[PDB]
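Below, chains carry the letters A, B, ... as their sequence lines are ordered, and counting in each starts from 1.
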There are 2 protein chains.
Amino acid sequence: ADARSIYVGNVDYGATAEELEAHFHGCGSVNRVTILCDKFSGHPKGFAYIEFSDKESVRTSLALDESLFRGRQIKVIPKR
Amino acid sequence: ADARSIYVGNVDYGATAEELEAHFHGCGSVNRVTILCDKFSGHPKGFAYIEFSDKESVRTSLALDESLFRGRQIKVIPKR
């Protein structure tokens, strides 16, 4: 599961799983979206895990590193 | 951390951490909100963890079991 997952940095407290899936939908079938937020107002502090159905989607999704999601650049790496 | 946490059942793919914190804000200071979704369209399938700053907020938050959040009744229990 972690081998089929990416970490997505710079995700805010207004993000939804539907929005995240929609951002990564072209990379492959998504199994689970986990959003983790440590701030709920003011400057955001959080990230997400996207778990793809197939391992191959992970490499594909790396092209979305630095993409704009909800008005800010996201960091995309394989889940550490 | 798990001793300071609740499981929140029946959370949809349109929920945000800010909305969840706002629902539980009266129970005590929140440290982290984790949203976990297995469906991103159609009938939702997901849940959340709310990690409170203080253990005492967990018992308090149990009163919000069956409360309406985003138009549906949520299930609130101490994180298993």
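- Remark: B:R80 is positioned above the aromatic ring of B:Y7, its terminal NZ or CZ atom under 6.0 angstrom from the ring centre and at most 45 degrees off the axis.
- Of all heavy-atom pairs between B:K79 and B:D2, the closest is NZ-OD1, 3.2 Å.
- Heavy atoms from other residues, nucleotides or ligands lying under 6.0 Å from CD of A:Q73 number more than 12.
- Here the straight-line distance linking atom OG of A:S61 with atom NE2 of A:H25 works out to 14.0 Å at 0.5 Å rounding.
- In terms of heavy-atom proximity, A:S53 sits nearest to A:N31 at OG-ND2, 3.1 Å.
- The shortest distance between side-chain heavy atoms of B:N10 and B:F69 does not fall below 4.5 Å.
- Taking CD1 from A:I74 and CG from A:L68, the interatomic distance works out to 9.0 Å, rounded to the nearest 0.5 Å.
- Salt bridge absent: A:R72 and A:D12 never bring a charged side-chain N and a carboxylate O closer than 4.0 Å.
- Judged by a 6.0 Å distance limit and a 45° cone about the ring axis, A:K39 is not positioned over the six-membered ring of A:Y13.
- Counted within 6.0 Å of NZ on A:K45, heavy atoms from surrounding residues, nucleotides or ligands total 12 or fewer; the atom is thus considered open.
- B:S57 places no side-chain N or O within donor-acceptor distance of the main-chain N or O of B:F52, the cut-off being under 3.5 Å.
- Rounding to the nearest 0.5 Å places CG of A:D38 at 8.0 Å from CD of B:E51.
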Problem - B:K75 and B:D65: CA distance, side-chain angles, deciding distance, salt bridge (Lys or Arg N to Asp or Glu O under 4.0 Å) verdict - result: CA-CA 5 Å; B:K75 176 166 170 174; B:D65 182 55; over 6 Å; no
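- B:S67 and B:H23 get closest at one heavy-atom pair: OG-NE2, 2.8 Å.
- The closest side-chain heavy-atom distance from B:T34 to B:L36 is below 4.5 Å.
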Exercise for the section: Just do the side-chain contact (heavy atoms from CB on, under 4.5 Å) check on B:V8 and B:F24 with the steps written out, would you? Expected result: CA-CA 11 Å; B:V8 179; B:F24 289 96; 3.8 Å; yes
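- A distance of 7.5 Å separates CD1 of B:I6 from CG of B:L64, quoted to the nearest 0.5 Å.
- At least one side-chain heavy atom of B:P78 sits under 4.5 Å from a side-chain heavy atom of B:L62.
- One finds no salt bridge joining A:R4 and A:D54 here, because no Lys/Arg side-chain nitrogen approaches an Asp/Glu carboxylate oxygen to under 4.0 Å.
- A distance of 9.0 Å separates SG of A:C37 from CZ of B:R32, quoted to the nearest 0.5 Å.
- At a threshold of 4.5 Å between non-hydrogen side-chain atoms, the residues B:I35 and B:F47 do not count as touching.
- Taking OG1 of B:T16 as the reference point, atom CD of A:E18 lies at 13.0 Å (rounded to 0.5 Å).
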